[PDB]
Each structure stands twice: as structure tokens, then as C-alpha cells.
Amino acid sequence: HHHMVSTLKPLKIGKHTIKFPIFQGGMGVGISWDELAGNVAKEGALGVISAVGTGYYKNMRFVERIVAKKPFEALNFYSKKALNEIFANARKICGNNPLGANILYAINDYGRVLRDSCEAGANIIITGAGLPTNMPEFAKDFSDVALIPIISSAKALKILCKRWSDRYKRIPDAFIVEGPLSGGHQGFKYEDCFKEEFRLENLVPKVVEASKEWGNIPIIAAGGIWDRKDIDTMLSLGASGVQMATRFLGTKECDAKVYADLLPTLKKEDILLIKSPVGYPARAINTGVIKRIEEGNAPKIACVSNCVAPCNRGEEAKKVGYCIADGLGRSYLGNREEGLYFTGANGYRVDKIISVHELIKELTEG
């Protein structure tokens, strides 16, 4: 099939080069695992395996202990064996094309999961949901692995570079700037999530300018980027690449097969900004456990997987009404009644489900 050769340039992040300056954003739980990330990387963009809740893989085939049908504790929720299998299966598809691992800073056992991801063969670690000031501590035995914090401000870039340099004589290999149209957790206070000051086109120049002090660390723009026109806009503002997730949530290869049923139906009015036990606002779909909370028949809360430090073993889950480990795991397992479902602001524009191959050609041709 004819597609004009791309005029986008390969992107180098630390020692690793991707053919197109595009990341498929990590998506937990079980949304961007081996089929999605492996195919993205095969097509020459960065495939990103989510390392969160890997115990759910293949309906908890790889955990050591199950309690109440949930992976027991962080040891089993972030399953090393499952993570190894996901990366191995991804490599069957993409070979030496680089892969990232996405790890929220908020998770319990963060350092162990970072090391597991390096040991599983990741080229790149991507971390948001916090200010990951000690990320090099856990990566120092794997100096080939590139490290990429997700930030929302020039301030955060400066703090991370200062503190990493002072303490590890290292600075990040790239930064992802995640704007307020992104799916999942926002890097903004709730009251700032619908404020034009923080729209991505305003953030990118400020972060790029701050990056000059440190040698023009590549800035990767994320949140609300839909097509090549939006990619070109971000590159013209000084970004070196983009990270996109909602478009990939709409592909056949997505590992959470429920989304191919749900997304073509998604109406804009059903896109919500909700509280989360992680402690950041989250963009979610008004369906599943969120509807059960409204009805009053949502699952009782009981911290089994101990997924994130901010929740304090159920304290915040009880306040917000749901357990994010249980809810996200249920969605990977196909549970429409009690799953938790995330989306970017653009999720309502997904009409048809296309292949990763077709998507990458659409975004890169010309």
C-alpha cells in the first residue's frame, strides 16, 4: 500500500533510537502489554509496556498468591514473572526495536519494579504520578537504560535536573510534558484541570526553554495530540517528539479488549474528571465502578493488592469510593459492571478501531 515516505526524523533517547518521534503512552492495567507495545515498536515508534498490575496477566497465571481473586500484596500485583513474560512476548514481535516500561512513582515497591523492568530488557523507564527524584538510585546497575520523568511544569524539570545532578551526577534522558487533556492521572491540582494557562501549547515552550540550561534534553509532548497536524504543532513549539495514548487505545492490538467495544460508543458527556486513591485527578469514563458508586452498589473496599503508597492501605480508596487496583484489573479481565475505565479528553472521537500499522502510517506518512 502506498504511503509517502515520512519527513519525521528518528529520535534518539540516551543510547536508543526510535524510527519515528512518537511514543505510545503506557496504559495500565493491562492496556499496553505485549500485543500493543510489541506492535508499536515493530512499526518504529516507542512501544511502552505498563508495569502496573502485571499480576493480572492471563488471569493471574503467574502470581504466587491470590486472595479474593485479587493478586496478594505488591509482590504479586507487580509480578516479576508476569513482567518478564510480557516483555519476552513483546520481543517476539518487535525484535531489537526499543521498548519502554511505564511505572507510576506512587506505586509501592517502586524501586523493585524499576529493577525488574531493566532486568526484563526495557530500553527506557517512564515515570509520572510523582516527582521521581531518586529514579537513578534504582537504575544504577543498568546504565544503558534511559530514564524519562513525566512532568507538568518548567519548575519540575529544573528540580529534577538539579537534584539528580547533585546526587547522582546524572540528569534525565528526556522529559514527557503531560498536559491536562491526557488520560488517567493528571499532573495538575483538580482546580487547575480546566484552566487555559496549563494547556499543552503553553507548557511546551516553557519546558523547552528550561531544558536549554541542561543541554536541550529532549521534550516529549503528551495530552490531546490526535493526528499529524497536532504532532507538527508540538514539534514547531520545540518538542522533539510526542507521546500519544488515546489513539492507540483505539487500535485492534490493545491488550485490554474491552476498549474496542467501549470506545466507539463513548460520548463526550461521559468523560469525567474524578478523584483517585493515587492522589491526583484522573480522567475516566462514566461507566463500570463509577456508575456503581452512583447507584450505591460498588464493591466493598478491602486492600489486598496494596498497589500505591498514597492510598495508605485503603484509607484513600474508602474516601474516594473505589480501589484502583481492583477496578483497573477488572477492566483487563473484561468486567463491564465493575471495571474502571480511563480515557483522554479526545476519547469520544474514536469511531472505528484500526490496526497499529494503519495508525502509524496515518501519523507518519509525508
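Between two forms, the rigid core is the largest collection of C-alphas that superpose within 1.5 Å. All residue numbers refer to positions in the sequence shown, first residue = 1.
- Taking the rigid core as the alignment reference, the C-alpha atoms of 172 to 180 lie farther on average from the displayed form in 8 other deposited structures of this protein than those of the other stretch among 119 to 127 and 172 to 180.
- Taking 101 to 109 and 74 to 82 in turn, the stretch whose Cα atoms are more displaced from the shown form in 8 other deposited structures of this protein following rigid core superposition is 101 to 109.
- As listed in the deposited structure, the average C-alpha B-factor of 17 to 25 and of 346 to 354 is greater for 346 to 354.
- Here 66 to 74 and 38 to 46 are compared by their mean Cα B-factor, and 66 to 74 comes out higher.
- Among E178, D116, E209, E295, the highest C-alpha B-factor in the deposited entry belongs to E209.
- When the C-alpha B-factors of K291, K158, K80, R247 are ranked from the entry, the top spot goes to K158.
- In the deposited entry, the Cα temperature factor of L263 sits in the top third of values across the chain's modelled residues.
- Remark: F142 belongs to the highest third of its chain, ranked by C-alpha B-factor as recorded.
- In this PDB entry, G314 carries a Cα temperature factor that places it within the highest third of its chain's modelled residues.
- Among the modelled residues of its chain, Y168 has a C-alpha B-factor that falls in the highest third, as given in the PDB entry.
- Among the modelled residues of its chain, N286 has a C-alpha B-factor that falls in the middle third, as given in the PDB entry.
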